[PDB]
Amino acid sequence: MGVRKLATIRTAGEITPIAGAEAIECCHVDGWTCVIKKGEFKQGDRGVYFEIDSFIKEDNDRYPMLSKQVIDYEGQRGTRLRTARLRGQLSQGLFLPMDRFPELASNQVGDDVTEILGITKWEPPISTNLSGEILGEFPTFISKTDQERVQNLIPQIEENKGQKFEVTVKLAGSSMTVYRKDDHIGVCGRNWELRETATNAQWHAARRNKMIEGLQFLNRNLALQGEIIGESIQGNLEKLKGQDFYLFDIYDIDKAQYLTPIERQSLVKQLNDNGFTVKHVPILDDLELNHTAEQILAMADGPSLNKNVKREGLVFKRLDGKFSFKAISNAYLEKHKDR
């Protein structure tokens, strides 16, 4: 991915009634489903769609329907959009008619108005031992690990029908990159490269599975990208003792592209055959893409790495390693509306 477009211009899709409810109805917006007030949209209308995790500052003219969910976040009063279920209808996000945004009248469908509207992403406080000291910015020559959501890739999901995809269990921790470029080998979080300390959990996991010595061994300019999970990391959903790294991507720094999935488990073999114990995120059966966004979301729920807990979702990586996305489990999101 790259740059989250929390507020976008979109078109109302199919609009369907909600049984038992007379003042509301269900509106499809790309792969999302959203409860709207009767009489705000007809199919094909333009509107501003705010995704879940949007933080929308308090405003009684533009957002008067958001006033009974007002909280404090970073010192600002405002509303965090989260997954909900109204009259049995799953509802995600906020969809508002163009007439409430005259200043956006000239924007086109697909335009990102996040910064025009002052929208920010709500996020939990990060863990104490995953903050360490910084050596410098996240490397400009390594890609970051954000994935776009399948709900937003409707044209791309059939463009890629017939294509094949590696299917991996999405693990709930924090992103972690261990990389080599020539003489230097570094450990990063999701946003910063980190200097080694006794307490830093990223370095401690990297030392414990000898992935620094493994990168020296392989003698290539590679970024090993994976998730650090376990105790004291985003609630430790997998019920693990301690912390550990689970790989999900390898980035070829020199060719500035990701290793394809088969190239990646070959290297994970090789690393382990040589005593460098780097685990991988659980791998499921490949998928030959012939599906709708809603059918893909149906795959998302299921067993996690711990086969006794229900997983955050799945990540799909095309076998050429050049088109990837996540499908997050709505069951998971509904279970966790309180985090």
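Just count from 1 along the sequence shown to find any residue number.
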Checklist entry - Which wins on mean Cα temperature factor, 219 to 227 or 195 to 203? => result 195 to 203
Item to check | Of 232 to 240 and 166 to 174, the one with larger mean CA B-factor | outcome: 232 to 240
Item to check | Highest recorded Cα temperature factor - choice among 57, 307, 46, 28 | outcome: 307
Checklist entry - Quick one: which of 331, 327, 15, 23 has the biggest Cα B-factor according to the entry? => result 23
Checklist outcome for this item: Quick tally, chain-level thirds of C-alpha B-factors: residue 280 sits in the middle
Next on the checklist: Can you tell me whether residue 289 has a C-alpha B-factor in the lowest, middle or highest third compared with the other modelled residues of the same chain?
Outcome noted: highest
Item to check | Third of the chain's Cα B-factor distribution that residue 298 belongs to, per the entry | outcome: highest
Checklist outcome for this item: Among the modelled residues of its chain, the C-alpha B-factor of residue 259 falls in the third labelled middle
Next on the checklist: Please place residue 145 in the lowest, middle or highest third of its chain according to the CA B-factor in the PDB entry.
Outcome noted: middle
